[PDB]
A.B. asks: 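Have a look at this one before I ask anything.
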Amino acid sequence: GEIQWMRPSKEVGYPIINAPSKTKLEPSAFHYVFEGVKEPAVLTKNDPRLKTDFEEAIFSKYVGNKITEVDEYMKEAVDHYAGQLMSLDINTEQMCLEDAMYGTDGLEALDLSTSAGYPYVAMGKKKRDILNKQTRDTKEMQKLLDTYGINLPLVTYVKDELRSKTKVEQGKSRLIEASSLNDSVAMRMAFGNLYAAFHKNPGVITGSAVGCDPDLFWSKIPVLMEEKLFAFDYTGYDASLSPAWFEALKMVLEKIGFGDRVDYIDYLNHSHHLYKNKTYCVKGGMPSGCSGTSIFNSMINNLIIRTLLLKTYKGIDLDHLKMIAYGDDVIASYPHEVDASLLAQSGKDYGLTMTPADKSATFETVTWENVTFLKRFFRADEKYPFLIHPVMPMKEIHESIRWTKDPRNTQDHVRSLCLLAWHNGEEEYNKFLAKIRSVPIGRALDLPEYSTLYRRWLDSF
RNA sequence: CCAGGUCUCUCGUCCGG
RNA sequence: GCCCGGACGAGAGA
Ligand SMILES: Nc1ccn([C@H]2CC[C@@H](COP(=O)(O)OP(=O)(O)OP(=O)(O)O)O2)c(=O)n1
Ligand SMILES: [Zn+2]
């Protein structure tokens with residue numbers, strides 16, 4: 001990805017849009033019961049915690065475009081992945097406007113509680129003003145599509161969220177791109193049966209984990225993997241995707257029968273953004289807040305890894321690759337060990353920055369003991385070895401519990417953390433409950449005992 | 001008073017068959 | 001008891 005031009009939105013006849021400037025995050029009843037490093041990310045330039053220049057920092061990610069041509073390995077990658085998806089029998093038809101808006105089997109409705117994006121946001125117009133879940137009325141949306149069309153600019157916000165200390169000082173706040181409601185609707189009309197097919201088929205055929213529930217999927221994963229795992233992390237995945245990767249996507253889409261709407265992918269490539277008082281253009285890269293990004297990012301990941309394998313190990317048999325991606329996250333396997341330091345070397349040639357999994361300083365054998373996906377580890381149940389726990393380390397749960405957006409959410413919030421926590425085992429969980437109960441508000445909370453959660457987990461199989 | 005994307009999963013409240 | 005569905009809220013993950 002790479003910026004092409006900034007300029008006051010006035011010169012282009014675009015509205016100024018004002019984001020809020022204060023975080024909604026605030027210390028919890030538990031802020032001092034537990035230790036933690038993270039704090040709310042920089043939202044504005046005038047932030048005392050800044051050790052650098054903000055806007056320079058947040059737009060830094062657009063690292064450039066390495067390649068544009070689909071090379072021979074990419075082509076092979078495309079053919080293999082596409083042929084895989086072909087076995088699912090994906091419905092290639094446009095989705096009617098009603099299902100695109102209101103959801104169908106495998107596709108949730110548009111989120112009524114989020115922004116409707118440009119131009120609606122500058123007209124003080126909301127999704128609730130346009131959509132009606134009970135009647136599923138399409139008349140008003142249809143009119144708006146006719147009136148304003150598609151391919152509208154995105155609106156740019158900084159995400160309000162917790163960030164490590166170094167990310168705060170260095171102004172590394174993540175940016176969000178708010179899709180227009182017209183575009184979300186158009187993208188779902190085009191690609192909705194694709195999204196649903198993916199959501200219904202998490203596993204190694206789609207090469208995607210979208211639609212999975214870790215409490216249950218964790219037990220499937222090791223059975224689906226080949227004998228030898230490998231994994232790594234990307235630095236700046238989306239912003240480092242060069243145009244060649246998107247053509248490769250379009251080629252996969254053409255192959256499985258979406259050829260007639262691959263023009264939508266070109267739109268995701270040449271995008272305009274409104275940020276505060278400015279307007280810019282990006283070339284390449286896929287905006288995160290666009291519809292389908294989850295599916296498309298996972299798809300490209302499937303392409304990237306096949307490509308790197310074909311380049312790095314001549315004569316590799318891709319039929320023996322088993323991988324599951326969730327966007328840039330990935331757990332992968334092959335019947336013989338593959339060296340991710342070698343994969344990362346080849347990655348450089350396609351613009352990709354690949355580093356050791358889970359922030360190791362060096363590349364090391366990935367084992368069932370140290371491998372993580374969706375931030376969770378894998379640990380066999382002591383009593384039932386074939387049942388695997390997704391184990392999210394207490395560290396993250398402690399960071400989360402220390403903050404709140406609204407103290408009215410305390411019960412919901414802590415209870416959700418419990419469902420993540422208990423997988424660390426009865427002893428760590430009980431220690432967790434004691435801490436919570438060490439302050440009065442914690443004693444007002446109804447929290448599940450270990451044995452309840454465990455029986456619930458066993459039952460759910 | 002509001003404001004701040006796309007998705008998945010889960011829990012909770014309430015309401016149904 | 002068990003099943004299923006809906007509206008809203010929240011949490012985590014990508
Ligand atoms: N709020 C978010 C967070 C993540 N993602 C998607 C986009 C990128 C991908 C990977 O996200 P992370 O690896 O968790 O963050 P990052 O983009 O690499 O930023 P950082 O390196 O600072 O964590 O997931 C997203 O769509 N929306
Ligand atoms: Zn442009």
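Residue numbering restarts at 1 for every chain, and letters A, B, ... go by the order of the sequence lines.
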A.B. asks: Quick check: A/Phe296 with A/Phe191 (ring centres under 6.0 Å apart)?
C.D. replies: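 Here the rings of A/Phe296 and A/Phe191 have centres that are less than 6.0 Å from each other.
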A.B. asks: Does a salt bridge link A/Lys200 with A/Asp105, judged by any charged N lying under 4.0 Å from a carboxylate O?
C.D. replies: yes
A.B. asks: Under 3.5 Å, which donor-acceptor pairs link side chains of residues 148-157 of chain A to any protein atom two or more places apart or in another chain?
C.D. replies:
{"unit_1": "A/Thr156", "atom_1": "OG1", "unit_2": "A/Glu177", "atom_2": "OE1", "d": "2.9"}
{"unit_1": "A/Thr156", "atom_1": "OG1", "unit_2": "A/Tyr280", "atom_2": "OH", "d": "3.0"}

A.B. asks: Return yes if some donor-acceptor pair links the side-chain N/O of A/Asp329 with the main-chain N/O of A/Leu374 below 3.5 Å, else return no.
C.D. replies: yes
A.B. asks: Are A/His389 and A/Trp422 near enough that their ring centres are under 6.0 Å apart?
C.D. replies: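 They qualify: ring centres under 6.0 Å apart.
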A.B. asks: Can you tell me how far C1' in C/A12 sits from the matching atom in B/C2, rounded to whole Å?
C.D. replies: 27 Å
A.B. asks: Base, sugar-phosphate, or nothing for A/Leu154, non-hydrogen atoms under 4.0 angstrom?
C.D. replies: nothing
A.B. asks: Given that A/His199 and A/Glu177 both sit by RNA chain B, which one's nearest nucleotide is further toward the 5' end?
C.D. replies: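 By nearest-heavy-atom nucleotide position, the 5'-most residue is A/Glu177.
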A.B. asks: Mind running a 4.0 Å heavy-atom check of residues 21-29 of chain A against RNA chain B and sending the residues that fall below it, in number order?
C.D. replies: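 Output list: A/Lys22, A/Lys24.
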A.B. asks: If you measure from the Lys or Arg side-chain nitrogens to the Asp or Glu carboxylate oxygens, is any gap between A/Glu161 and A/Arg174 under 4.0 Å?
C.D. replies: yes
A.B. asks: Sequence neighbours left out, what pairs pass salt bridge (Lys or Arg N to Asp or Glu O under 4.0 Å) with at least one residue falling in residues 441-451 of chain A?
C.D. replies: A/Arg415-A/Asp446, A/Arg437-A/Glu449
A.B. asks: Cut-off 3.5 Å, side chains only: do A/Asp238 and A/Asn297 have a donor facing an acceptor?
C.D. replies: yes
A.B. asks: Is the A/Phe34-A/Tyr32 ring centre distance short of 6.0 angstrom?
C.D. replies: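 Here the rings of A/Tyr32 and A/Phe34 have centres that are no less than 6.0 Å from each other.
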A.B. asks: Counting Watson-Crick and G-U wobble pairs with both distances under 3.5 Å, what is the dot-bracket string for RNA chain B, 5' to 3', using [ ] for crossing pairs and | for pairs to another strand?
C.D. replies: .....||||||||||||
A.B. asks: Taking any heavy-atom pair under 4.0 Å as a contact, classify A/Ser179: base, sugar-phosphate, or nothing.
C.D. replies: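 Sugar-phosphate, backbone atoms only, no base.
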A.B. asks: Where is the tightest heavy-atom contact between A/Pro27 and A/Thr404, given as atom of each residue plus distance?
C.D. replies: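 Closest approach of A/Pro27 to A/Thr404, heavy atoms only: O-CG2, 4.0 Å.
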A.B. asks: Taking any heavy-atom pair under 4.0 Å as a contact, classify A/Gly124: base, sugar-phosphate, or nothing.
C.D. replies: nothing
A.B. asks: Base, sugar-phosphate or nothing for A/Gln411? Non-hydrogen atoms, less than 4.0 Å.
C.D. replies: nothing
A.B. asks: Apply ring pair (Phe, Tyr, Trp, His ring centres under 6.0 Å) to the pair A/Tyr350 and A/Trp245, showing each step before the final yes or no.
C.D. replies: CA-CA 9 Å; A/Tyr350 298 80; A/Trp245 294 111; 5.6 Å; yes
A.B. asks: Between B/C1 and C/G11, how far is it from one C1' atom to the other, in whole Å?
C.D. replies: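 26 Å, rounded to whole Å.
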A.B. asks: Between A/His413 and A/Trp403, is the ring pair (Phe, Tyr, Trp, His ring centres under 6.0 Å) condition met? List the steps.
C.D. replies: CA-CA 10 Å; A/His413 183 179; A/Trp403 303 84; over 10 Å; no
A.B. asks: Pick base, sugar-phosphate or nothing for A/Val121, based on heavy-atom distances below 4.0 Å to the nucleic acid.
C.D. replies: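 It contacts sugar-phosphate atoms only.
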A.B. asks: Please measure how far the P atom in B/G5 lies from the corresponding atom in C/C8, and state the result in whole Å.
C.D. replies: 16 Å
A.B. asks: Is A/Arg188 salt-bridged to A/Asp99, going by a charged N under 4.0 Å from an acidic O?
C.D. replies: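 Looking at A/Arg188 and A/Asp99, the cut-off is not met.
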A.B. asks: Under a criterion of less than 4.0 angstrom to any heavy atom of chain A, what are the 5'-terminal and 3'-terminal contacting nucleotides of RNA chain B?
C.D. replies: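 Terminal contacting nucleotides, 5' to 3': B/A3 to B/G12.
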A.B. asks: For nucleotides 7-14 of chain C, just jot down a letter per nucleotide in 5' to 3' order: B, S or -, based on protein non-hydrogen atoms under 4.0 Å.
C.D. replies: SSBSSSBS
A.B. asks: Which pair of non-hydrogen atoms, one from A/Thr23 and one from A/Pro40, has the smallest distance, and what is that distance?
C.D. replies: OG1-CB, 3.7 Å
